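In what follows, a single structure is set out as structure tokens and then discussed.
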DNA sequence: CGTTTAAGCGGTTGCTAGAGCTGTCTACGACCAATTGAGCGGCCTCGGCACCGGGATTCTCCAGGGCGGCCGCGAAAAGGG
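Residue numbers (the deposited numbering): 1118 to 1166.
Okay, here's the thing in structure tokens:
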């Protein structure tokens, strides 16, 4: 998935929208429950690989 | 201490250097006036060093393309009642 916007070729069109939604979800989740202290964020019961 | 030798003193004999005195004069330096150009201060400018803007040149990083390994998953061959 590559495209040209304003003369810049091979721009990641798929990764631009994916990083925009992931950063907005990460910023909203941190500010909702850890607004006083961002260092106290915990993954909870979610177990990654 | 023994021995030789050269310093010290007195003497010759003539000429010349030098101090002292007297005399003349002449070039040379003090002195004065007019003049001006070489010394001291400032003013202006270039040679060279340095500061700043612009352009050419080479090094570093992020992402895409392709390949290997896992995850149970699922179709299939063989055995049992």
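All C-beta atoms in this analysis are idealised placements derived from N, C-alpha and C, irrespective of residue type, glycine included.
Item, Value
"Nearest candidate by alpha-carbon position, reference residue 1160, set 1147, 1126, 1138", "1147"
"Reduced DSSP category for residue 1143 - H, G, I as helix; E, B as strand; rest coil", "helix"
"Backbone secondary structure at residue 1156 - three-state DSSP", "helix"
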